[PDB]
>>> print(open('final15.txt').read())   # compact mmCIF, N, CA and C atoms and all ligand atoms
# COMPACT_ATOMS: atom_id res chain seq x y z
N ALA A 2 65.89 46.87 1.80
CA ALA A 2 66.14 48.24 1.40
C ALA A 2 64.99 48.79 0.56
N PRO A 3 64.74 50.10 0.66
CA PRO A 3 63.74 50.77 -0.18
C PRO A 3 64.08 50.61 -1.65
N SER A 4 63.09 50.75 -2.53
CA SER A 4 63.37 50.58 -3.95
C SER A 4 64.20 51.77 -4.40
N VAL A 5 65.13 51.51 -5.30
CA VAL A 5 66.00 52.55 -5.80
C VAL A 5 66.25 52.26 -7.27
N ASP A 6 66.19 53.30 -8.10
CA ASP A 6 66.41 53.15 -9.54
C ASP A 6 67.81 52.60 -9.81
N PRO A 7 67.99 51.86 -10.92
CA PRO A 7 69.27 51.18 -11.21
C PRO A 7 70.51 52.08 -11.16
N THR A 8 70.43 53.29 -11.68
CA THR A 8 71.61 54.14 -11.76
C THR A 8 71.75 55.04 -10.55
N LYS A 9 70.95 54.79 -9.53
CA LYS A 9 70.94 55.69 -8.39
C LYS A 9 71.33 55.00 -7.09
N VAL A 10 71.70 55.82 -6.11
CA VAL A 10 71.91 55.36 -4.74
C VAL A 10 71.19 56.35 -3.82
N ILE A 11 70.78 55.89 -2.65
CA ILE A 11 70.16 56.77 -1.67
C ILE A 11 70.88 56.63 -0.34
N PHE A 12 71.43 57.73 0.18
CA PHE A 12 72.09 57.73 1.48
C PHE A 12 71.12 58.16 2.56
N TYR A 13 71.18 57.47 3.70
CA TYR A 13 70.34 57.78 4.85
C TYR A 13 71.20 58.17 6.05
N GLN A 14 70.63 58.98 6.92
CA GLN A 14 71.34 59.48 8.09
C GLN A 14 71.09 58.61 9.31
N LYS A 15 70.40 57.50 9.09
CA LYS A 15 70.22 56.48 10.12
C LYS A 15 70.60 55.13 9.54
N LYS A 16 70.83 54.16 10.42
CA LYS A 16 71.07 52.80 9.94
C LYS A 16 69.77 52.23 9.38
N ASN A 17 69.89 51.13 8.64
CA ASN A 17 68.74 50.36 8.18
C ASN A 17 67.77 51.17 7.32
N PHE A 18 68.33 52.13 6.59
CA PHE A 18 67.60 52.86 5.56
C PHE A 18 66.41 53.64 6.11
N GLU A 19 66.55 54.16 7.32
CA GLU A 19 65.49 54.91 7.99
C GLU A 19 65.60 56.41 7.74
N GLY A 20 64.47 57.10 7.78
CA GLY A 20 64.47 58.55 7.68
C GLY A 20 64.51 59.02 6.24
N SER A 21 64.64 60.33 6.04
CA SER A 21 64.67 60.86 4.69
C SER A 21 65.98 60.48 4.01
N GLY A 22 65.90 60.16 2.72
CA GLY A 22 67.08 59.76 1.97
C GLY A 22 67.53 60.82 0.98
N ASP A 23 68.83 60.86 0.73
CA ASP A 23 69.41 61.77 -0.24
C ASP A 23 69.83 60.98 -1.46
N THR A 24 69.26 61.30 -2.61
CA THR A 24 69.51 60.52 -3.82
C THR A 24 70.66 61.09 -4.64
N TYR A 25 71.57 60.21 -5.03
CA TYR A 25 72.68 60.54 -5.92
C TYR A 25 72.66 59.55 -7.09
N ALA A 26 73.37 59.85 -8.16
CA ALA A 26 73.32 59.02 -9.36
C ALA A 26 74.71 58.76 -9.95
N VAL A 27 74.81 57.71 -10.77
CA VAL A 27 76.04 57.43 -11.49
C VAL A 27 76.53 58.69 -12.21
N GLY A 28 77.83 58.97 -12.11
CA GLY A 28 78.41 60.14 -12.74
C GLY A 28 78.67 61.29 -11.76
N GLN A 29 78.30 61.10 -10.50
CA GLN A 29 78.53 62.13 -9.49
C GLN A 29 79.70 61.79 -8.56
N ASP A 30 80.60 62.75 -8.40
CA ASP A 30 81.64 62.69 -7.38
C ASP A 30 81.28 63.69 -6.30
N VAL A 31 81.20 63.24 -5.06
CA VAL A 31 80.59 64.04 -4.01
C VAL A 31 81.46 64.19 -2.78
N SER A 32 81.87 65.42 -2.47
CA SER A 32 82.34 65.72 -1.14
C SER A 32 81.12 66.12 -0.33
N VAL A 33 80.84 65.33 0.70
CA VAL A 33 79.64 65.51 1.49
C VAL A 33 79.60 66.91 2.10
N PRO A 34 78.44 67.59 2.04
CA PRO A 34 78.29 68.92 2.65
C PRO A 34 78.72 68.92 4.11
N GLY A 35 79.28 70.03 4.58
CA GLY A 35 79.72 70.13 5.96
C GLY A 35 78.67 69.67 6.95
N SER A 36 77.42 70.07 6.71
CA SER A 36 76.33 69.76 7.63
C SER A 36 75.97 68.27 7.64
N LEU A 37 76.36 67.56 6.58
CA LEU A 37 76.09 66.13 6.50
C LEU A 37 77.36 65.30 6.69
N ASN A 38 78.48 65.94 6.99
CA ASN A 38 79.74 65.21 7.08
C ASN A 38 79.69 64.15 8.19
N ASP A 39 80.09 62.93 7.83
CA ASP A 39 80.06 61.73 8.70
C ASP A 39 78.66 61.31 9.16
N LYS A 40 77.61 61.92 8.60
CA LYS A 40 76.26 61.67 9.11
C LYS A 40 75.51 60.56 8.38
N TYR A 41 76.04 60.06 7.27
CA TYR A 41 75.35 59.01 6.53
C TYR A 41 75.69 57.63 7.10
N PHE A 42 74.67 56.82 7.36
CA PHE A 42 74.90 55.53 8.02
C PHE A 42 74.33 54.31 7.29
N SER A 43 73.61 54.53 6.20
CA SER A 43 73.23 53.41 5.35
C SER A 43 72.98 53.91 3.95
N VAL A 44 72.97 53.01 2.98
CA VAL A 44 72.85 53.42 1.59
C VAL A 44 72.16 52.33 0.77
N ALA A 45 71.12 52.71 0.05
CA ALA A 45 70.46 51.80 -0.88
C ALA A 45 71.15 51.96 -2.22
N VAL A 46 71.53 50.85 -2.84
CA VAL A 46 72.35 50.92 -4.05
C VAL A 46 71.61 50.29 -5.22
N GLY A 47 71.42 51.09 -6.27
CA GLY A 47 70.68 50.63 -7.44
C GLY A 47 71.44 49.57 -8.22
N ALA A 48 70.70 48.81 -9.01
CA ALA A 48 71.24 47.65 -9.74
C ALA A 48 72.50 47.92 -10.59
N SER A 49 72.60 49.07 -11.24
CA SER A 49 73.76 49.30 -12.12
C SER A 49 74.72 50.33 -11.53
N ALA A 50 74.54 50.64 -10.26
CA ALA A 50 75.35 51.66 -9.59
C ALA A 50 76.33 51.04 -8.60
N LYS A 51 77.47 51.68 -8.44
CA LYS A 51 78.49 51.27 -7.50
C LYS A 51 79.01 52.50 -6.78
N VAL A 52 79.22 52.39 -5.47
CA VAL A 52 79.74 53.51 -4.69
C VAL A 52 81.20 53.27 -4.31
N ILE A 53 82.06 54.23 -4.65
CA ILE A 53 83.45 54.22 -4.19
C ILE A 53 83.53 55.26 -3.09
N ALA A 54 83.96 54.86 -1.89
CA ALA A 54 83.77 55.71 -0.72
C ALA A 54 85.02 55.85 0.14
N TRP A 55 85.20 57.04 0.74
CA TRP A 55 86.33 57.29 1.62
C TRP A 55 85.92 57.97 2.93
N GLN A 56 86.65 57.62 3.97
CA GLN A 56 86.58 58.31 5.25
C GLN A 56 86.92 59.81 5.16
N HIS A 57 87.97 60.15 4.42
CA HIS A 57 88.44 61.54 4.37
C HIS A 57 88.16 62.19 3.03
N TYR A 58 87.93 63.50 3.07
CA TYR A 58 87.65 64.31 1.88
C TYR A 58 88.70 64.20 0.78
N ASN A 59 89.96 63.97 1.15
CA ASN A 59 91.03 63.88 0.15
C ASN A 59 91.27 62.45 -0.35
N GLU A 60 90.22 61.63 -0.30
CA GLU A 60 90.27 60.24 -0.76
C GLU A 60 91.40 59.46 -0.08
N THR A 61 91.42 59.53 1.24
CA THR A 61 92.27 58.69 2.08
C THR A 61 91.47 58.16 3.27
N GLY A 62 92.11 57.38 4.12
CA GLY A 62 91.41 56.78 5.25
C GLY A 62 90.65 55.54 4.82
N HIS A 63 89.74 55.05 5.66
CA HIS A 63 89.00 53.83 5.33
C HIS A 63 88.34 53.97 3.96
N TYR A 64 88.49 52.92 3.15
CA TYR A 64 88.05 52.89 1.76
C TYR A 64 87.04 51.77 1.57
N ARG A 65 85.95 52.04 0.86
CA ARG A 65 84.93 51.01 0.61
C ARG A 65 84.44 51.04 -0.84
N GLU A 66 84.14 49.87 -1.38
CA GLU A 66 83.36 49.81 -2.62
C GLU A 66 82.06 49.08 -2.32
N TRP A 67 80.94 49.75 -2.53
CA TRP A 67 79.63 49.17 -2.25
C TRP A 67 78.87 48.98 -3.55
N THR A 68 78.61 47.72 -3.90
CA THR A 68 77.85 47.38 -5.09
C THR A 68 76.43 46.93 -4.72
N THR A 69 76.18 46.82 -3.42
CA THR A 69 74.88 46.39 -2.91
C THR A 69 74.51 47.26 -1.71
N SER A 70 73.23 47.27 -1.37
CA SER A 70 72.73 48.11 -0.28
C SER A 70 73.37 47.76 1.06
N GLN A 71 73.71 48.79 1.83
CA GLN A 71 74.41 48.60 3.10
C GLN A 71 73.57 49.16 4.25
N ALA A 72 73.15 48.30 5.18
CA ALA A 72 72.32 48.74 6.30
C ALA A 72 73.11 49.50 7.38
N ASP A 73 74.44 49.37 7.37
CA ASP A 73 75.28 50.02 8.38
C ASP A 73 76.69 50.29 7.85
N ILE A 74 77.02 51.56 7.63
CA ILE A 74 78.35 51.88 7.11
C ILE A 74 79.20 52.60 8.16
N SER A 75 78.91 52.30 9.43
CA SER A 75 79.68 52.78 10.57
C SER A 75 81.16 52.48 10.45
N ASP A 76 81.48 51.36 9.81
CA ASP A 76 82.86 50.91 9.81
C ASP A 76 83.80 51.77 8.94
N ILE A 77 83.26 52.67 8.11
CA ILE A 77 84.16 53.53 7.32
C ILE A 77 84.64 54.69 8.22
N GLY A 78 84.08 54.78 9.42
CA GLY A 78 84.57 55.71 10.42
C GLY A 78 84.27 57.17 10.13
N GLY A 79 83.14 57.40 9.46
CA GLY A 79 82.68 58.75 9.14
C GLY A 79 82.85 59.04 7.66
N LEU A 80 81.78 58.86 6.89
CA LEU A 80 81.83 59.04 5.44
C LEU A 80 81.93 60.51 5.05
N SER A 81 82.97 60.87 4.29
CA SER A 81 83.13 62.25 3.85
C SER A 81 83.13 62.46 2.34
N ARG A 82 83.49 61.43 1.59
CA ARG A 82 83.55 61.58 0.14
C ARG A 82 83.20 60.27 -0.55
N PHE A 83 82.50 60.35 -1.67
CA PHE A 83 82.22 59.16 -2.46
C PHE A 83 81.99 59.53 -3.93
N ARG A 84 82.13 58.53 -4.79
CA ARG A 84 81.77 58.64 -6.20
C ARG A 84 80.73 57.58 -6.50
N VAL A 85 79.74 57.91 -7.32
CA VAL A 85 78.82 56.90 -7.82
C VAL A 85 79.23 56.60 -9.27
N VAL A 86 79.57 55.34 -9.53
CA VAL A 86 80.09 54.96 -10.83
C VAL A 86 79.32 53.76 -11.39
N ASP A 87 79.46 53.52 -12.69
CA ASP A 87 78.88 52.33 -13.31
C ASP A 87 79.35 51.05 -12.61
N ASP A 88 78.42 50.14 -12.35
CA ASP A 88 78.72 48.96 -11.54
C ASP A 88 79.39 47.88 -12.38
N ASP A 89 80.70 48.02 -12.55
CA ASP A 89 81.49 47.11 -13.37
C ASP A 89 82.77 46.77 -12.61
N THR A 90 83.20 45.51 -12.68
CA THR A 90 84.39 45.08 -11.95
C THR A 90 85.67 45.54 -12.63
N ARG A 91 85.55 46.00 -13.87
CA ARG A 91 86.71 46.43 -14.64
C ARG A 91 86.62 47.92 -14.93
CA CA B 101 85.10 61.62 7.61
K K B 102 74.89 47.70 -7.99
>>> encode(input="final15.txt", output="structure tokens")
Amino acid sequence: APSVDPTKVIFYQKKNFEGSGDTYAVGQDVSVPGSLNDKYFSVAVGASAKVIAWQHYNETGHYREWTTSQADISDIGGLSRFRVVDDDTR
């Protein structure tokens, strides 16, 4: 994965971290823009950042927690909403 600052994550519209990336940071709750809905397919995850992610905008459907970089997030079945939070198990 490309280098990413500890408190940040970068979403890509291709698998394997290809193409231009969109950077988000700890403290952001994001409903993905209409034009980018379901279009993110990999994510570089910074050392102190954690992504809480949902298939649907209303925080339902396939659910994921990503604490490490993901080369393929196809399995969430179309990413629509996520939060970037401090990377802590508690
Ligand atoms: Ca979706
Ligand atoms: K992390």
>>> residues_near_ligand(input="final15.txt", ligand="ligand K 102 (chain B)", cutoff="12 Å", atoms="only C-alpha atoms and all ligand atoms", output="VMD selection string")
chain A and resid 5 to 10 26 to 27 44 to 53 66 to 71 85 to 90
>>> residues_near_ligand(input="final15.txt", ligand="ligand CA 101 (chain B)", cutoff="7 Å", atoms="all atoms listed in the file", output="mmCIF file with N, CA and C atoms, keeping the file's coordinate frame")
data_model
loop_
_atom_site.group_PDB
_atom_site.id
_atom_site.type_symbol
_atom_site.label_atom_id
_atom_site.label_comp_id
_atom_site.auth_asym_id
_atom_site.auth_seq_id
_atom_site.Cartn_x
_atom_site.Cartn_y
_atom_site.Cartn_z
ATOM 1 N N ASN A 38 78.480 65.940 6.990
ATOM 2 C CA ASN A 38 79.740 65.210 7.080
ATOM 3 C C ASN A 38 79.690 64.150 8.190
ATOM 4 N N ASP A 39 80.090 62.930 7.830
ATOM 5 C CA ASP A 39 80.060 61.730 8.700
ATOM 6 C C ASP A 39 78.660 61.310 9.160
ATOM 7 N N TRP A 55 85.200 57.040 0.740
ATOM 8 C CA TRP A 55 86.330 57.290 1.620
ATOM 9 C C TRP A 55 85.920 57.970 2.930
ATOM 10 N N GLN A 56 86.650 57.620 3.970
ATOM 11 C CA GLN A 56 86.580 58.310 5.250
ATOM 12 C C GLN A 56 86.920 59.810 5.160
ATOM 13 N N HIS A 57 87.970 60.150 4.420
ATOM 14 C CA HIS A 57 88.440 61.540 4.370
ATOM 15 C C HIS A 57 88.160 62.190 3.030
ATOM 16 N N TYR A 58 87.930 63.500 3.070
ATOM 17 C CA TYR A 58 87.650 64.310 1.880
ATOM 18 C C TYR A 58 88.700 64.200 0.780
ATOM 19 N N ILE A 77 83.260 52.670 8.110
ATOM 20 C CA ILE A 77 84.160 53.530 7.320
ATOM 21 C C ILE A 77 84.640 54.690 8.220
ATOM 22 N N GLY A 78 84.080 54.780 9.420
ATOM 23 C CA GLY A 78 84.570 55.710 10.420
ATOM 24 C C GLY A 78 84.270 57.170 10.130
ATOM 25 N N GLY A 79 83.140 57.400 9.460
ATOM 26 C CA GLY A 79 82.680 58.750 9.140
ATOM 27 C C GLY A 79 82.850 59.040 7.660
ATOM 28 N N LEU A 80 81.780 58.860 6.890
ATOM 29 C CA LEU A 80 81.830 59.040 5.440
ATOM 30 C C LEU A 80 81.930 60.510 5.050
ATOM 31 N N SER A 81 82.970 60.870 4.290
ATOM 32 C CA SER A 81 83.130 62.250 3.850
ATOM 33 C C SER A 81 83.130 62.460 2.340
ATOM 34 N N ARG A 82 83.490 61.430 1.590
ATOM 35 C CA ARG A 82 83.550 61.580 0.140
ATOM 36 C C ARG A 82 83.200 60.270 -0.550
#
>>> atom_distance(input="final15.txt", atom1="atom C of residue 60 (chain A)", atom2="atom C of residue 29 (chain A)")
14.6 Å
>>> closest_residue(input="final15.txt", among="A:15, A:59, A:54, A:64", to="residue 42 (chain A)", atoms="only C-alpha atoms")
A:15
>>> select_by_dssp(input="final15.txt", residues="chain A", states="strand (DSSP E)", output="PyMOL selection string")
chain A and resi 9-13+22-26+29-32+43-46+50-55+64-67+82-87
>>> write_last_selection(input="final15.txt", atoms="N, CA and C atoms", output="short mmCIF file (atom, residue, chain, number, x, y, z; two decimals), keeping the file's coordinate frame")
data_model
loop_
_atom_site.label_atom_id
_atom_site.label_comp_id
_atom_site.auth_asym_id
_atom_site.auth_seq_id
_atom_site.Cartn_x
_atom_site.Cartn_y
_atom_site.Cartn_z
N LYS A 9 70.95 54.79 -9.53
CA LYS A 9 70.94 55.69 -8.39
C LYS A 9 71.33 55.00 -7.09
N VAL A 10 71.70 55.82 -6.11
CA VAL A 10 71.91 55.36 -4.74
C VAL A 10 71.19 56.35 -3.82
N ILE A 11 70.78 55.89 -2.65
CA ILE A 11 70.16 56.77 -1.67
C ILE A 11 70.88 56.63 -0.34
N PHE A 12 71.43 57.73 0.18
CA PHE A 12 72.09 57.73 1.48
C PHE A 12 71.12 58.16 2.56
N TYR A 13 71.18 57.47 3.70
CA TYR A 13 70.34 57.78 4.85
C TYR A 13 71.20 58.17 6.05
N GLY A 22 65.90 60.16 2.72
CA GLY A 22 67.08 59.76 1.97
C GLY A 22 67.53 60.82 0.98
N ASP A 23 68.83 60.86 0.73
CA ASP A 23 69.41 61.77 -0.24
C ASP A 23 69.83 60.98 -1.46
N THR A 24 69.26 61.30 -2.61
CA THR A 24 69.51 60.52 -3.82
C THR A 24 70.66 61.09 -4.64
N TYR A 25 71.57 60.21 -5.03
CA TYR A 25 72.68 60.54 -5.92
C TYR A 25 72.66 59.55 -7.09
N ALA A 26 73.37 59.85 -8.16
CA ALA A 26 73.32 59.02 -9.36
C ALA A 26 74.71 58.76 -9.95
N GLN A 29 78.30 61.10 -10.50
CA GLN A 29 78.53 62.13 -9.49
C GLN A 29 79.70 61.79 -8.56
N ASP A 30 80.60 62.75 -8.40
CA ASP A 30 81.64 62.69 -7.38
C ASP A 30 81.28 63.69 -6.30
N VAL A 31 81.20 63.24 -5.06
CA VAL A 31 80.59 64.04 -4.01
C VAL A 31 81.46 64.19 -2.78
N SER A 32 81.87 65.42 -2.47
CA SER A 32 82.34 65.72 -1.14
C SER A 32 81.12 66.12 -0.33
N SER A 43 73.61 54.53 6.20
CA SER A 43 73.23 53.41 5.35
C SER A 43 72.98 53.91 3.95
N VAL A 44 72.97 53.01 2.98
CA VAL A 44 72.85 53.42 1.59
C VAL A 44 72.16 52.33 0.77
N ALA A 45 71.12 52.71 0.05
CA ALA A 45 70.46 51.80 -0.88
C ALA A 45 71.15 51.96 -2.22
N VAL A 46 71.53 50.85 -2.84
CA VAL A 46 72.35 50.92 -4.05
C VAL A 46 71.61 50.29 -5.22
N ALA A 50 74.54 50.64 -10.26
CA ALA A 50 75.35 51.66 -9.59
C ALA A 50 76.33 51.04 -8.60
N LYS A 51 77.47 51.68 -8.44
CA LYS A 51 78.49 51.27 -7.50
C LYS A 51 79.01 52.50 -6.78
N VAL A 52 79.22 52.39 -5.47
CA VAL A 52 79.74 53.51 -4.69
C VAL A 52 81.20 53.27 -4.31
N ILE A 53 82.06 54.23 -4.65
CA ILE A 53 83.45 54.22 -4.19
C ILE A 53 83.53 55.26 -3.09
N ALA A 54 83.96 54.86 -1.89
CA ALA A 54 83.77 55.71 -0.72
C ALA A 54 85.02 55.85 0.14
N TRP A 55 85.20 57.04 0.74
CA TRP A 55 86.33 57.29 1.62
C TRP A 55 85.92 57.97 2.93
N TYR A 64 88.49 52.92 3.15
CA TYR A 64 88.05 52.89 1.76
C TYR A 64 87.04 51.77 1.57
N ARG A 65 85.95 52.04 0.86
CA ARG A 65 84.93 51.01 0.61
C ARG A 65 84.44 51.04 -0.84
N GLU A 66 84.14 49.87 -1.38
CA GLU A 66 83.36 49.81 -2.62
C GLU A 66 82.06 49.08 -2.32
N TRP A 67 80.94 49.75 -2.53
CA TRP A 67 79.63 49.17 -2.25
C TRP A 67 78.87 48.98 -3.55
N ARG A 82 83.49 61.43 1.59
CA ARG A 82 83.55 61.58 0.14
C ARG A 82 83.20 60.27 -0.55
N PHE A 83 82.50 60.35 -1.67
CA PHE A 83 82.22 59.16 -2.46
C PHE A 83 81.99 59.53 -3.93
N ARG A 84 82.13 58.53 -4.79
CA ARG A 84 81.77 58.64 -6.20
C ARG A 84 80.73 57.58 -6.50
N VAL A 85 79.74 57.91 -7.32
CA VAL A 85 78.82 56.90 -7.82
C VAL A 85 79.23 56.60 -9.27
N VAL A 86 79.57 55.34 -9.53
CA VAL A 86 80.09 54.96 -10.83
C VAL A 86 79.32 53.76 -11.39
N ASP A 87 79.46 53.52 -12.69
CA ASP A 87 78.88 52.33 -13.31
C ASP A 87 79.35 51.05 -12.61
#
>>> atom_distance(input="final15.txt", atom1="CA of residue 63 (chain A)", atom2="atom C of residue 21 (chain A)")
24.0 Å
>>> closest_residue(input="final15.txt", among="A:76, A:31, A:20, A:14", to="residue 62 (chain A)", atoms="only C-alpha atoms")
A:76
>>> atom_distance(input="final15.txt", atom1="atom C of residue 91 (chain A)", atom2="CA of residue 43 (chain A)")
24.9 Å
>>> select_by_dssp(input="final15.txt", residues="chain A", states="helix (DSSP H, G or I)", output="VMD selection string")
chain A and resid 16 to 18 35 to 37 75 to 77
>>> closest_residue(input="final15.txt", among="A:41, A:35, A:17, A:83", to="residue 65 (chain A)", atoms="only C-alpha atoms")
A:83
>>> decode(input="final15.txt", residues="region 16-42 of chain A", atoms="N, CA and C atoms", output="PDB file, in the first residue's frame")
ATOM      1  N   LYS A  16      -9.053  -1.524  -7.344  1.00  0.00           N
ATOM      2  CA  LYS A  16      -8.433  -2.440  -6.394  1.00  0.00           C
ATOM      3  C   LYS A  16      -6.942  -2.151  -6.326  1.00  0.00           C
ATOM      4  N   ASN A  17      -6.291  -2.688  -5.291  1.00  0.00           N
ATOM      5  CA  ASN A  17      -4.839  -2.656  -5.175  1.00  0.00           C
ATOM      6  C   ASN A  17      -4.264  -1.245  -5.162  1.00  0.00           C
ATOM      7  N   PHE A  18      -5.044  -0.313  -4.618  1.00  0.00           N
ATOM      8  CA  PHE A  18      -4.578   1.036  -4.329  1.00  0.00           C
ATOM      9  C   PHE A  18      -4.137   1.799  -5.577  1.00  0.00           C
ATOM     10  N   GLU A  19      -4.812   1.547  -6.692  1.00  0.00           N
ATOM     11  CA  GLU A  19      -4.492   2.178  -7.963  1.00  0.00           C
ATOM     12  C   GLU A  19      -5.300   3.446  -8.198  1.00  0.00           C
ATOM     13  N   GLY A  20      -4.741   4.373  -8.971  1.00  0.00           N
ATOM     14  CA  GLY A  20      -5.466   5.569  -9.361  1.00  0.00           C
ATOM     15  C   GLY A  20      -5.401   6.649  -8.302  1.00  0.00           C
ATOM     16  N   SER A  21      -6.142   7.733  -8.508  1.00  0.00           N
ATOM     17  CA  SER A  21      -6.123   8.820  -7.538  1.00  0.00           C
ATOM     18  C   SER A  21      -6.842   8.396  -6.263  1.00  0.00           C
ATOM     19  N   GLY A  22      -6.303   8.817  -5.124  1.00  0.00           N
ATOM     20  CA  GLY A  22      -6.888   8.463  -3.840  1.00  0.00           C
ATOM     21  C   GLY A  22      -7.571   9.636  -3.164  1.00  0.00           C
ATOM     22  N   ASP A  23      -8.602   9.338  -2.388  1.00  0.00           N
ATOM     23  CA  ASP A  23      -9.321  10.337  -1.624  1.00  0.00           C
ATOM     24  C   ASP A  23      -8.961  10.173  -0.160  1.00  0.00           C
ATOM     25  N   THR A  24      -8.384  11.211   0.436  1.00  0.00           N
ATOM     26  CA  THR A  24      -7.900  11.110   1.810  1.00  0.00           C
ATOM     27  C   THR A  24      -8.953  11.568   2.822  1.00  0.00           C
ATOM     28  N   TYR A  25      -9.148  10.747   3.847  1.00  0.00           N
ATOM     29  CA  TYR A  25     -10.019  11.062   4.974  1.00  0.00           C
ATOM     30  C   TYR A  25      -9.204  10.877   6.257  1.00  0.00           C
ATOM     31  N   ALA A  26      -9.696  11.402   7.374  1.00  0.00           N
ATOM     32  CA  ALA A  26      -8.935  11.361   8.623  1.00  0.00           C
ATOM     33  C   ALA A  26      -9.796  10.963   9.818  1.00  0.00           C
ATOM     34  N   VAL A  27      -9.145  10.508  10.889  1.00  0.00           N
ATOM     35  CA  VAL A  27      -9.838  10.217  12.136  1.00  0.00           C
ATOM     36  C   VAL A  27     -10.721  11.399  12.538  1.00  0.00           C
ATOM     37  N   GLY A  28     -11.956  11.109  12.939  1.00  0.00           N
ATOM     38  CA  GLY A  28     -12.897  12.146  13.336  1.00  0.00           C
ATOM     39  C   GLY A  28     -13.935  12.465  12.271  1.00  0.00           C
ATOM     40  N   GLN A  29     -13.836  11.811  11.115  1.00  0.00           N
ATOM     41  CA  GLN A  29     -14.800  12.032  10.039  1.00  0.00           C
ATOM     42  C   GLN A  29     -15.802  10.892   9.906  1.00  0.00           C
ATOM     43  N   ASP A  30     -17.077  11.251   9.857  1.00  0.00           N
ATOM     44  CA  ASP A  30     -18.142  10.319   9.497  1.00  0.00           C
ATOM     45  C   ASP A  30     -18.622  10.700   8.109  1.00  0.00           C
ATOM     46  N   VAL A  31     -18.614   9.745   7.187  1.00  0.00           N
ATOM     47  CA  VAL A  31     -18.776  10.060   5.776  1.00  0.00           C
ATOM     48  C   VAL A  31     -19.863   9.255   5.094  1.00  0.00           C
ATOM     49  N   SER A  32     -20.908   9.928   4.619  1.00  0.00           N
ATOM     50  CA  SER A  32     -21.770   9.324   3.621  1.00  0.00           C
ATOM     51  C   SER A  32     -21.172   9.667   2.273  1.00  0.00           C
ATOM     52  N   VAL A  33     -20.774   8.633   1.552  1.00  0.00           N
ATOM     53  CA  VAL A  33     -20.067   8.794   0.294  1.00  0.00           C
ATOM     54  C   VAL A  33     -20.915   9.609  -0.691  1.00  0.00           C
ATOM     55  N   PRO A  34     -20.296  10.584  -1.385  1.00  0.00           N
ATOM     56  CA  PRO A  34     -21.007  11.386  -2.391  1.00  0.00           C
ATOM     57  C   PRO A  34     -21.707  10.497  -3.415  1.00  0.00           C
ATOM     58  N   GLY A  35     -22.856  10.935  -3.920  1.00  0.00           N
ATOM     59  CA  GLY A  35     -23.597  10.170  -4.904  1.00  0.00           C
ATOM     60  C   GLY A  35     -22.726   9.678  -6.040  1.00  0.00           C
ATOM     61  N   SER A  36     -21.855  10.552  -6.535  1.00  0.00           N
ATOM     62  CA  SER A  36     -21.016  10.234  -7.687  1.00  0.00           C
ATOM     63  C   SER A  36     -19.952   9.186  -7.364  1.00  0.00           C
ATOM     64  N   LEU A  37     -19.650   9.020  -6.082  1.00  0.00           N
ATOM     65  CA  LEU A  37     -18.667   8.030  -5.662  1.00  0.00           C
ATOM     66  C   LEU A  37     -19.320   6.821  -4.979  1.00  0.00           C
ATOM     67  N   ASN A  38     -20.646   6.786  -4.936  1.00  0.00           N
ATOM     68  CA  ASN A  38     -21.321   5.718  -4.213  1.00  0.00           C
ATOM     69  C   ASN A  38     -20.997   4.344  -4.800  1.00  0.00           C
ATOM     70  N   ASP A  39     -20.603   3.415  -3.922  1.00  0.00           N
ATOM     71  CA  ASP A  39     -20.165   2.048  -4.266  1.00  0.00           C
ATOM     72  C   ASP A  39     -18.903   1.982  -5.137  1.00  0.00           C
ATOM     73  N   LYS A  40     -18.229   3.112  -5.349  1.00  0.00           N
ATOM     74  CA  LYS A  40     -17.107   3.142  -6.291  1.00  0.00           C
ATOM     75  C   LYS A  40     -15.740   2.897  -5.657  1.00  0.00           C
ATOM     76  N   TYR A  41     -15.656   2.867  -4.332  1.00  0.00           N
ATOM     77  CA  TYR A  41     -14.365   2.654  -3.676  1.00  0.00           C
ATOM     78  C   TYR A  41     -14.059   1.162  -3.550  1.00  0.00           C
ATOM     79  N   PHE A  42     -12.862   0.750  -3.956  1.00  0.00           N
ATOM     80  CA  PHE A  42     -12.544  -0.677  -3.976  1.00  0.00           C
ATOM     81  C   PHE A  42     -11.271  -1.071  -3.230  1.00  0.00           C
TER      82      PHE A  42
END
